[PDB]
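J.: Sharing a structure here in structure tokens format.
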Amino acid sequence: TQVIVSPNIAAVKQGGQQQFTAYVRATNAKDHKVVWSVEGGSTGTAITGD
Amino acid sequence: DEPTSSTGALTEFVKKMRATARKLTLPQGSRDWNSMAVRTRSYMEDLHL
Amino acid sequence: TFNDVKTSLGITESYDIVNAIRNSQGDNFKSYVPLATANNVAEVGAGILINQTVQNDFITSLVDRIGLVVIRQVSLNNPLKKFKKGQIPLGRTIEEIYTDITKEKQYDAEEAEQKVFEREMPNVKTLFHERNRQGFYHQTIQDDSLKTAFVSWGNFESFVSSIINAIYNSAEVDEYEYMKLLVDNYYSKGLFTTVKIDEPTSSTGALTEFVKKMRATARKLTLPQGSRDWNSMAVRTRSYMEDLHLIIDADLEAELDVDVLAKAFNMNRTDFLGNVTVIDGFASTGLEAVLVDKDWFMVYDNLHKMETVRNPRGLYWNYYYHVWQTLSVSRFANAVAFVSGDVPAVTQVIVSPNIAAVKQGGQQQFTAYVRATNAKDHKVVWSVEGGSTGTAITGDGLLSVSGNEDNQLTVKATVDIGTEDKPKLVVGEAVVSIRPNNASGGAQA
């Protein structure tokens, strides 16, 4: 039904790294896969898996 | 889910907490929470988390 | 005395505001353009260091006088003096004793017939503090030559008083640096219980993830049953919430102050839960927010002695203010250092009472207490380095010495972390002396 992202508001230092956590809110326990992405910013600003 | 795993899993734990603690203290009681399965009733001043 | 000098003496002068700039551009320096005496104010308006005898502008034979003397006074106080615990006149060493809990046995009346007078030793760990610093603050005041430098008696006394307050400030400056040094000693020796955090300066989630580990450890330290961990001796001990002292620096306050509190409708729920004190130090790397019991500090005193001599040939006094202290750290109190950055997998392996004193042919079990930082790994590897030919420790800590065992032993509890090609070990150690048996000895059937 929805996805909740941990640290909904984040304020990260340049060069810093904030670990984010997805919380998939569901009914059937299929343990669904998350694709992480990021909008805006440079080429260097890129999210990894998890 | 583990409530320490996120903030979104934390509030989900609280909603399952407060819903359950209300069920234990309904005036009509239930069989669903003992292990002798009797219609018992708890009170809010008695529940210890 | 002095001959000529420049006015800029210790001045590096990033840019010349006087002629090279204010006379030069039509820029933001236009507010200083109409000032007629600006080239004088920019010259000596920082203060000068060498005083000339400037003549008078009209009667050139006259001189210009010092119109005011501003003796400026400072009072320097140790922020950690509330952790100081007393004074020792006689003696050097402190014997801090902890007694620990013991193990239950089962009731059985039939076995109790023959084991009335059986004996069971208590579990007592002790540690030791001894006197550390011996220093003095030499100062010399030559009162009679200093009468040439003043005109008022009220300024002469306020200056000679100030030099007496140059020591008693330095005795408070150096005592503070020694009480910070006990923290960084205790981290360098690897004895805090490190809670791995992120650097709170980077992301505000990493700040808010740090407040959670702060309040948890504070609640964990003060559980009424106590806890075996959180100290270096590994005993069950219980802290009081009024006795926890969170020692942060000034930057980590303003992170909590601007970010966390400013935006907290309920201030007491993200509070640090300690008696927060502020430093500007910890000196090492990643170390911050040391959360200790007040019994952690074992700072005692030995001598506060101001001893004076007067040279009568040259009219001066010497002021030797001796300070002798016992600056040390209890390990029976429990202490947490929230270290950001990368910390090892295992910080220390605490072992059993390290004074076992086992008879030949006897046995002794040695309990390892691994201070792991992250979650889980790390089976302990045991070792009997020391005497041999009979001395053999098992996979648990049983020693089982010998009949022939004479030399003291070094029971090692080894934990392998890291790379299999360069195995970094965290080796905890325990000592045991071997007293002779003298019965069931010699030869045997």
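All Cβ positions, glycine included, derive from the backbone under ideal geometry; neighbour counts span all protein chains shown. Bear in mind these aren't lab numbers, they're just calculated from the coordinates by the rules spelled out.
J.: Restricting to segment C:257-271, and then to whatever is within 14 Å of chain A (Cβ to nearest Cβ) and in a helix (DSSP H, G or I), can you tell me which residue is farthest from C:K220 (Cα to Cα)?
T.: Among those that are within 14 Å of chain A (Cβ to nearest Cβ) and in a helix (DSSP H, G or I), it is C:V258.
J.: Now, a different point. In segment A:7-22, what residues are within 22 Å of C:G341 (Cβ to Cβ) and within 14 Å of chain B (Cβ to nearest Cβ)?
T.: A:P7, A:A10, A:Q18, A:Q19, A:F20, A:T21
J.: Okay, moving on. Inspect segment C:272-280 for any residue being part of a helix (DSSP H, G or I), within 19 Å of the chain's Cα centre (by Cα), more than 14 Å from chain A (Cβ to nearest Cβ) and surrounded by fewer than 21 Cβ atoms within 10 Å (Cβ to Cβ) and give the result as yes or no.
T.: Checked against the condition, which is being part of a helix (DSSP H, G or I), within 19 Å of the chain's Cα centre (by Cα), more than 14 Å from chain A (Cβ to nearest Cβ) and surrounded by fewer than 21 Cβ atoms within 10 Å (Cβ to Cβ), segment C:272-280 yields no hits at all.
J.: Go through segment C:204-229 residue by residue and tally those that are of a type in the set (D, E) and either crowded, with 21+ Cβ neighbours inside 10 Å or not in a loop (DSSP other than H, G, I, E, B) (or both).
T.: 1
J.: Testing C:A250 on (1) among the small types (G, A, S); (2) within 14 Å of another protein chain (Cβ to nearest Cβ); (3) within 20 Å of C:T285 (Cα to Cα), one condition comes back false. Which one is that?
T.: Among (1) among the small types (G, A, S); (2) within 14 Å of another protein chain (Cβ to nearest Cβ); (3) within 20 Å of C:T285 (Cα to Cα), C:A250 violates only (2).
J.: Moving to a separate point now. Among the candidates C:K125, C:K180, single out the residue that is surrounded by 12 or more Cβ atoms within 10 Å (Cβ to Cβ), in a strand (DSSP E or B) and of a type in the set (K, R).
T.: So the residue among C:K125, C:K180 that is surrounded by 12 or more Cβ atoms within 10 Å (Cβ to Cβ), in a strand (DSSP E or B) and of a type in the set (K, R) is C:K125.
J.: Among the listed residues C:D280, C:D257, C:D293, C:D229, which satisfies the condition of being among the charged types (D, E, K, R) and out of contact with any helix residue (DSSP H, G or I) (no Cβ under 9 Å at 6 or more places or on another chain)?
T.: Criteria check complete, one pass: C:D257.
J.: Consider C:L246 carefully, then state whether it is under 30 Å from C:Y319 (Cα atoms), touching a strand residue (DSSP E or B) at 6+ places or on another chain (Cβ under 6 Å) and surrounded by 18 or more Cβ atoms within 10 Å (Cβ to Cβ).
T.: Criteria not met by C:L246.
J.: Please work out which residue is surrounded by the most Cβ atoms within 10 Å (Cβ to Cβ), limiting yourself to segment C:230-243 and to residues that are of a type in the set (S, T, N, Q) and out of contact with any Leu (no Cβ under 7 Å at 6 or more places or on another chain).
T.: The qualifying residue surrounded by the most Cβ atoms within 10 Å (Cβ to Cβ) is C:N231.
J.: Looking at this structure, is A:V3 touching an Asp or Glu at 6+ places or on another chain (Cβ under 9 Å) and either within 14 Å of chain B (Cβ to nearest Cβ) or touching a residue at least 40 places away in the same chain (Cβ under 8 Å) (or both)?
T.: In short, no.
J.: Give me the residue from segment C:165-188 that is in contact with a strand residue (DSSP E or B) (Cβ under 8 Å, 6 or more places away or on another chain) and farther than 30 Å from C:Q73 by Cβ and, out of that set, nearest to the other protein chains (Cβ to nearest Cβ).
T.: Checked segment C:165-188; the qualifying residue nearest to the other protein chains (Cβ to nearest Cβ) is C:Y187.
J.: Could you say which residue among C:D377, C:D396, C:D342 is acidic (D, E) and either farther than 27 Å from C:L291 by Cα or surrounded by 21 or more Cβ atoms within 10 Å (Cβ to Cβ) (or both)?
T.: The conditions single out C:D396.
J.: While we're here: Checking the conditions here, which among C:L191, C:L207 is within 14 Å of another protein chain (Cβ to nearest Cβ), within 17 Å of C:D342 (Cα to Cα) and of a type in the set (A, V, I, L, M, F, W, C)?
T.: When all the criteria are applied, what remains is C:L207.
J.: Quick check on my filter: what residues within segment C:87-112 are among the acidic types (D, E) and touching a residue at least 24 places away in the same chain (Cβ under 8 Å)?
T.: C:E95, C:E96, C:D100
J.: If you don't mind, another one. With the requirement that a residue be under 29 Å from C:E255 (Cα atoms), within 13 Å of another protein chain (Cβ to nearest Cβ) and either loosely packed, with under 10 Cβ neighbours inside 10 Å or out of contact with any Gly (no Cβ under 8 Å at 6 or more places or on another chain) (or both), what does segment A:23-50 give you?
T.: A:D50
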